[PDB]
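The numbering of the sequence shown is this note's numbering, which starts it at 1 and goes up by one.
Every residue gets a Cβ at the ideal spot worked out from N, C-alpha and C, and that includes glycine.
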Amino acid sequence: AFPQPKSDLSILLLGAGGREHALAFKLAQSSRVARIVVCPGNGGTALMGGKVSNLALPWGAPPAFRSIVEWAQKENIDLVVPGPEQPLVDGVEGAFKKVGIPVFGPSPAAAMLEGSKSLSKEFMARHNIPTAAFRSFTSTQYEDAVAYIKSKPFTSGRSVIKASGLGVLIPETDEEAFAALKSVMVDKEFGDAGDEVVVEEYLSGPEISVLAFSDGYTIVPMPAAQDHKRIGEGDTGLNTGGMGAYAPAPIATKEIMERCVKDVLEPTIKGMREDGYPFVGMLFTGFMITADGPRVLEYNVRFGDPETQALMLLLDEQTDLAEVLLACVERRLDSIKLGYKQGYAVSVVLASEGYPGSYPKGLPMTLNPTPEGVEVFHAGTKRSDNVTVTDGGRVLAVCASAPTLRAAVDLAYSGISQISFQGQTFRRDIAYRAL
């Protein structure tokens, strides 16, 4: 008979956000996992203990990543799960591939779905994937980019200027568009990311997040989620990396989800094989549900934050997340158990004073026992001399699941009362527009 599946695995998580803590949270429950390493991790992972440990080590500059690749090789790491976008787009998968350590994530080429907006938009058009009308330009084509706006190409009358590299501007009028083109192509306020620019139609409608596991052939979606990008209540103010999320998003009806899967996800996975670079890992597709149907705003090639903190709470207790991740890199996703419990899940972010602007770091945090069904996943936190202190803009996320969305919302906000740090900020209306 075939050998027993190794049940003392060592997994290396790259990153230090709440996505990592939430992933470490689930992976640590697998009976097939004996060691979880979070590089660098944060104050939350630092307190888990047991199988989880933080590794304060640099990754090393791309494309080699020699520091962490050599460390992983000497430690017999069985799997690497990159969280952030930069290492994937920079090619961390190829670095670990050269030492025979598998990676839950896309190859350097497949990662271009998020690394190059220009390539991603071309990919969508070539495969008839519904997205906003667009035209891509290089930094030297600044003259053409101006003429393109001067011709009024978009029916909506508004354009979106995106820097292809690792960022997005929405000029309310043409005047702001011409200025936004010189700030990215001439002055290059975003660096090399502005070497190419995407100009596409501004679309109106609510947004949803669809996360799906992929092994290059099989793709298994998770319940659709919705995120709150803006800092101010009522969906106003400057944008952030995400102040809170919930799932399943009621707006993603059976018919809507069928369209996303059949018209985007599966054509995307098939298209990547046809183009010669199959996609393995977590495909995060950001949709806008317009009056004419779903539209792909952007591809993200890894777990989302804070969508993951909520979705991890919807994995049924029969699902082993470790088994799911290995089934993806081993190309057997269609032959494993993977289900989702009933009810809803919510994540509410606590941020530092000033975020998304300038904020101070290092404030001591008071963390009292949270209600029974509340899970606190740390993002920008750190341990220092037996005390957890803030260490980033988004500090942590208070998350909960429950049979009803309102109960999950109320439970999450119940855990907020047990957390306190100077200048803590959060939105009180997470998931309000769905209740």
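Buried versus exposed, by CB contacts within 10 Å (16 or more), residue i
{"i": "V348", "result": "buried"}
{"i": "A147", "result": "exposed"}
{"i": "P82", "result": "buried"}
{"i": "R35", "result": "buried"}
{"i": "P278", "result": "buried"}
{"i": "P5", "result": "exposed"}
{"i": "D292", "result": "exposed"}
{"i": "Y432", "result": "exposed"}
{"i": "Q422", "result": "exposed"}
{"i": "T366", "result": "exposed"}
{"i": "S352", "result": "buried"}
{"i": "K361", "result": "exposed"}
{"i": "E189", "result": "exposed"}
{"i": "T253", "result": "exposed"}
{"i": "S209", "result": "buried"}
{"i": "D305", "result": "buried"}
{"i": "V387", "result": "exposed"}
{"i": "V99", "result": "exposed"}
{"i": "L314", "result": "buried"}
{"i": "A110", "result": "buried"}
{"i": "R427", "result": "buried"}
{"i": "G49", "result": "exposed"}
Under the three-state DSSP convention, the category residue i falls into
{"i": "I251", "result": "coil"}
{"i": "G94", "result": "helix"}
{"i": "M282", "result": "strand"}
{"i": "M288", "result": "strand"}
{"i": "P403", "result": "coil"}
{"i": "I419", "result": "strand"}
{"i": "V197", "result": "strand"}
{"i": "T155", "result": "coil"}
{"i": "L88", "result": "helix"}
{"i": "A345", "result": "strand"}
{"i": "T140", "result": "helix"}
{"i": "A28", "result": "coil"}
{"i": "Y246", "result": "strand"}
{"i": "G205", "result": "coil"}
{"i": "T425", "result": "strand"}
{"i": "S107", "result": "coil"}
{"i": "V301", "result": "coil"}
{"i": "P221", "result": "strand"}
{"i": "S116", "result": "coil"}
Backbone CA spacing between residue i and residue j [nearest angstrom]
{"i": "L238", "j": "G232", "result": "7 angstroms"}
{"i": "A22", "j": "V80", "result": "16 angstroms"}
{"i": "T381", "j": "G234", "result": "27 angstroms"}
{"i": "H228", "j": "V329", "result": "31 angstroms"}
{"i": "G43", "j": "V199", "result": "40 angstroms"}
{"i": "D192", "j": "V89", "result": "14 angstroms"}
{"i": "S120", "j": "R406", "result": "37 angstroms"}
{"i": "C260", "j": "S118", "result": "21 angstroms"}
{"i": "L325", "j": "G281", "result": "8 angstroms"}
{"i": "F65", "j": "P153", "result": "43 angstroms"}
{"i": "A46", "j": "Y142", "result": "48 angstroms"}
{"i": "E258", "j": "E266", "result": "11 angstroms"}
{"i": "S335", "j": "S384", "result": "44 angstroms"}
{"i": "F303", "j": "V186", "result": "33 angstroms"}
{"i": "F287", "j": "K51", "result": "36 angstroms"}
{"i": "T236", "j": "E176", "result": "20 angstroms"}
{"i": "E207", "j": "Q73", "result": "41 angstroms"}
According to DSSP, residues forming a beta bridge with residue i
{"i": "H378", "result": "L396"}
{"i": "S10", "result": "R35"}
{"i": "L169", "result": "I161"}
{"i": "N239", "result": "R230"}
{"i": "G339", "result": "In the DSSP output, where bridge partners are listed per residue, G339 has none listed."}
{"i": "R295", "result": "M288"}
{"i": "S214", "result": "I219, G281"}
Spatial neighbours of residue i in its chain, beta-carbon cut-off 8 angstroms, leaving aside the 5 residues before and after
{"i": "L57", "result": "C39, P40, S67, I68, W71"}
{"i": "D144", "result": "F137"}
{"i": "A412", "result": "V346, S347, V348, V374, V398, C399, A400, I430"}
{"i": "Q424", "result": "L350, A351, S352, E353, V395"}
{"i": "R273", "result": "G216, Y217"}
{"i": "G167", "result": "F190, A193"}
{"i": "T173", "result": "none"}
Cutoff 7 angstroms; reference residue i; Cβ partners in own chain excluding five residues on either side
{"i": "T308", "result": "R19, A22, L23"}
{"i": "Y359", "result": "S352, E353, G393"}
{"i": "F178", "result": "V146, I149"}
{"i": "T319", "result": "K337, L338, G339"}
{"i": "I256", "result": "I289, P294"}
Cβ neighbours of residue i in the same chain (closer than 6 angstroms, five flanking residues each side left out)
{"i": "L311", "result": "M222, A247"}
{"i": "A322", "result": "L27, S30, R32, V33"}
{"i": "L169", "result": "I161, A180"}
{"i": "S7", "result": "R32"}
{"i": "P364", "result": "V387, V389"}
{"i": "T268", "result": "none"}
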